[PDB]
Structure formats: C-alpha cells, structure tokens
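Visitor: Everything below, folded, please.
(chains A, B, C and D, ligands or ions: 2)
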Amino acid sequence: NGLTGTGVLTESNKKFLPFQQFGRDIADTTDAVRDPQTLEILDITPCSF
Amino acid sequence: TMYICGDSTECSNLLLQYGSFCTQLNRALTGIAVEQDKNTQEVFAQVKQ
Amino acid sequence: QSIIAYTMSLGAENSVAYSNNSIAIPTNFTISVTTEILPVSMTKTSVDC
Amino acid sequence: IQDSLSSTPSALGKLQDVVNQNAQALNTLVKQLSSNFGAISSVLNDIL
Ligand SMILES: *[C@@H]1O[C@H](CO)[C@@H](O[C@@H]2O[C@H](CO)[C@@H](O)[C@H](O)[C@H]2NC(C)=O)[C@H](O)[C@H]1NC(C)=O
Ligand SMILES: *[C@@H]1O[C@H](CO)[C@@H](O)[C@H](O)[C@H]1NC(C)=O
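Guide: Residues are numbered from 1 along each chain as shown, chains lettered A, B, ... in the order given. Ligands and ions are numbered 1, 2, ... in the order given. Next up is the structure itself:
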C-alpha cells in the first residue's frame, strides 16, 4: 500500500483484532503488518546488521 | 512556551512540531534547582542535636 | 490521616551544662555498622550517525 | 544491616538514579525520531 521498507518477514503470533492492520513499537514504527491479499499475521523485522 | 511565543496562539502552534524540546529544558532547570538545596543541606547540618 | 503544613523543626533541642571544673568520661561503648553507597560507572552506549 | 537493606527500598536510591537517567535520554532521543521538524512527514521513505 505504498509502505516501502526493508526487513525479514516471518509468520507472526501477536493477535491482531479483526479490523487492525498495523502494530507499532514504543519508538513509533511498524513492526507487524497484515497481508491484504490474504489475511495472515506477519512480523516486519530488520535483517541483522 | 511563555518565553518563545508569549501570549500568541499561532506561535504556540508551530513550536509543537519541534517535539519534546520544551519538556527537555524544564527538567534540566529543575535538576539543578533541587540540587542546590542538597548542597546547603550537606555543609551546615552536620549536627542534628 | 490527612495532609498538613507546618514549619520544619531544626532538630531536637538539647542544652549542655558548661562549667570550669566538670568533666564527663565514658564508661561503655557500642560498635555500630553504617552503610555507604557510591556510583562508580554507567552503561556505555554507542550511536551510528 | 541485612534487614535494613532488604526491607527499605529507598536505601539503594543512589544506584537506581544513574540507571534511570540513562534510560530517560535514550527514550527521548528515539522519541524525536517521530517529529516532523516542520516538514510534511516524519517518515523519511514516504517523502522519497
Ligand atoms: C555495655 O553495654 C552493653 C550493651 O550495649 C552491655 O551488654 C548488655 O548487658 C546487659 C546486662 O544488663 C545484658 O542483659 C545484655 O544482654 C548485654 N548485651 C549484649 C549484646 O550482650 C554491657 O553490660 C555494658 N557494660 C558496661 C560495663 O556498662
Ligand atoms: C486477491 O485474489 C485472491 C485470489 O487469489 C483472493 O483470495 C483475495 O481475496 C484477493 N484480494 C482481496 C483484497 O480480496
């Protein structure tokens, strides 16, 4: 949806509500996103450096 | 807020975008304020009776 | 229990009886241990610009 | 002294403070990462 970014993405376990699509850290950044094509839960983690 | 944009609504609005500078200063001035009482506490009250 | 305001007490008042031929010599003693705390270091931190 | 240290929490305030301020500055430093500073976005990938 225009949210360009870079990181390793894997299956999540954090419970999104049926209507939410973003999870934010205390530092105000998106660490979890919902796939729009199919409804699944994912992490967005920066690849190690 | 009072120093930078005293008694003006519009000026108090643009200062909001700069984040937490205003909070940072007020703690810094408070940090030395409490410390001053600690000094005169330390040098004069060596006797309690 | 409630909250009250008052003037602080400079301590427990105690007068001493001076004289030109009076002395006091202790006859007993106690060995008490008192703690003391001092910081010695902080958590090191590095930041990439 | 074992009871004095265990029962009261204010005894170790001096050591606790230096831990706190170090955590405070880092929190504020990363908090400024979300402020626009006068631009139209705080996300450097959005403008690009
Ligand atoms: C000096 O003081 C100590 C205590 O500070 C005295 O020791 C106590 O003596 C009483 C006798 O009435 C005992 O009941 C206590 O059990 C003792 N305390 C301890 C910790 O053993 C001591 O007798 C005093 N000595 C002099 C010469 O005054
Ligand atoms: C995209 O197409 C798939 C079929 O492969 C469908 O299951 C999915 O619901 C479509 N996307 C949306 C947002 O409906």
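
Visitor: And the residue positioned nearest the centre of chain A, how far from residue A:47?
Guide: Note on chain A: the residue nearest the mean C-alpha position is residue A:32, at 2.0 Å, using Cα atoms, centre = their mean. To residue A:47, residue A:32 is 16 Å away according to Cβ to Cβ, to the nearest Å. The C-beta positions use only the backbone N, C-alpha and C, and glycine is treated the same way.

Visitor: cool, and residue D:28?
Guide: Distance of residue D:28 to residue A:47, computed by Cβ to Cβ: 27 Å.

Visitor: try residue B:20
Guide: When residue B:20 is compared with residue A:47 (using Cβ to Cβ), they lie 30 Å apart.

Visitor: These two: which is more packed in?
Guide: Applying other Cβ atoms under 10 Å in any protein chain shown to residue B:20 and residue A:47 shows that residue B:20 carries more neighbours, namely 14 against 8.

Visitor: show me the contacts for the more buried one.
Guide: D:28, D:31, D:32, D:35 (Cβ atoms under 8 Å, 6 or more residues apart in numbering or on different chains).

Visitor: Inside helices: which ones of those?
Guide: D:28, D:31 (DSSP state H).

Visitor: For chain B, state which of the contacts of residue B:20 is nearest.
Guide: Among these, residue D:35 lies closest to chain B (Cβ to the nearest Cβ), at 3.4 Å.

Visitor: Since that was my last question, I'll sign off now.
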